[PDB]
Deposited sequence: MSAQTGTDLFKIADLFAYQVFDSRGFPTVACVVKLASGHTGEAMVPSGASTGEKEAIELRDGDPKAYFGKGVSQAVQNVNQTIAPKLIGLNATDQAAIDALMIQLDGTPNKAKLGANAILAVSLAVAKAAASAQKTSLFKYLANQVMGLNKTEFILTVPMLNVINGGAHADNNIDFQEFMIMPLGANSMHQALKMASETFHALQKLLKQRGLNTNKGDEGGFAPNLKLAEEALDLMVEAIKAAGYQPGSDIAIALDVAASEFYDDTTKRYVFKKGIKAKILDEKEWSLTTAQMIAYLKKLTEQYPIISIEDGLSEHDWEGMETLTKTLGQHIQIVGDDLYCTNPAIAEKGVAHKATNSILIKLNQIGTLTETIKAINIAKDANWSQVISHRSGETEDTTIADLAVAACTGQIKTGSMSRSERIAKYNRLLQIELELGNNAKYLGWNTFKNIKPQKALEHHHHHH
């Protein structure tokens, strides 16, 4: 049998931050192999459980030897002999074998490593690109033409940034391009113009975890002004060529005592008055609205707190007809929660993080829930990434038209972009970069498109 699983094993490797993570290798009886690595975030509540050893004498508590052992001694014997193309059955087996909703027994990082390595081995054995295998064998979509991904992080703020800006991610989005190579040209040139801008302002140009900058800026508007200048300096038109996406990460500064959005970093640094910048839900929506009118902002991720479902619904009603409203921590790539988001019209977009849910099959379920709702699906990296490029093939296979996988530095990000270049080249006329037409969940304002 060409697809029978012959060997399966896991071992500890490192992510892009130097923390341990899980690698898994699947070997088929034909000799073909698949290999996958698991990313890691900077710990959500509804996320599937990332299993860490918590030994203070080993990797400052972040070892993954227990997850690795769960693959080698618990999962692997159950999967030997199975046809590797039976993705849904193999994921179901691991789901039942863990037996908990959040994969706390085996660890989502054990399960996902196997889930992805099995698909890669099958794709190898079918002698086909991973994106074609995922599209046409796993998802059964019978596609010959594929949609390439408009990419969206060049300036950081928030909980893990060294500066006093409360929003978490400021991203550029080259929607005016008509090919993946032109989109990455736009992104590369804008990134390097931004680096020159920051350097001559006297700001630090060392790289944050996702390859962007965390300079000592005082205000979100100062970051947004600099991105507009970088776009212009690179020779492009803000909005029509390169737009802006935000990851507000509002859960991080939502004050649960007062039910207000408190811009705590700017307040504490004496940049912001504490009363003026302690915002009601209504005032926070009005502020996000204002930014979308002052700047070419096309997408807002986690603009309100995950505890503020009523506000999220109001935001999507107010702004979502023309602005992409992305739910990330709102759903945690959980199909059951995404369905509730669809019913309530909480967002018009979902951020898809493989390791937040833990199997490829469930991730595809979440993607299809969004598709049925005419939401966009933004396939996403984590702050701790690897050289693994699975999310590039996944985003192309599901024709999401959008990916969030980092800045234009650090090859745990760049490798996804290089993989997308290769996919575009391999497909030729069968690849389409839709640009502004990539959105099916919103109607972008014509003034913004051009």
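In this chain the deposited sequence has gaps in the coordinates at 1-7, 50, 161, 460-464, listed in sequence order.
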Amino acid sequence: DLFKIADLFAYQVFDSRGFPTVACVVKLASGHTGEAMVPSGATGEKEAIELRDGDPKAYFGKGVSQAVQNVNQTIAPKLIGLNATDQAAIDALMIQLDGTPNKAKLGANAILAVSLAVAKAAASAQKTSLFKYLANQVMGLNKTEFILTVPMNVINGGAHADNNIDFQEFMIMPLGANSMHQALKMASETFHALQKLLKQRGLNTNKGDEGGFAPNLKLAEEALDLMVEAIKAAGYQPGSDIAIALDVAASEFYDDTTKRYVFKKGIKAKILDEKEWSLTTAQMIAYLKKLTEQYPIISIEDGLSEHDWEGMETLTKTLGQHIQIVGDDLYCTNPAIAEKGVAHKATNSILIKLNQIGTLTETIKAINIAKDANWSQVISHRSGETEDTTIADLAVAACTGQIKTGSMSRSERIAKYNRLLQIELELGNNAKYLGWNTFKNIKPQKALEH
From here on, numbers count along this sequence of modelled residues.
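The stretch with the higher mean CA B factor, choosing between 130-138 and 302-310, is 302-310.
Of the two segments examined, 198-206 and 271-279, it is 271-279 that shows the higher average Cα temperature factor in the deposited entry.
For the set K259, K232, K290, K371, the maximum C-alpha B-factor listed in the entry falls on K259. The PDB entry assigns its highest CA temperature factor, among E387, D55, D393, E35, to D55. Annotation for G341: C-alpha temperature factor in the highest third relative to the rest of the modelled chain, per the entry. Residue-level temperature factors show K105 in the highest third of its chain, judged at the C-alpha atom. Per the deposited record, the Cα B-factor of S16 falls in the lowest third when ranked against the other modelled residues of its chain. The entry lists a Cα temperature factor for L97 that places it in the highest third of the chain's modelled residues. Annotation for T405: C-alpha temperature factor in the lowest third relative to the rest of the modelled chain, per the entry.
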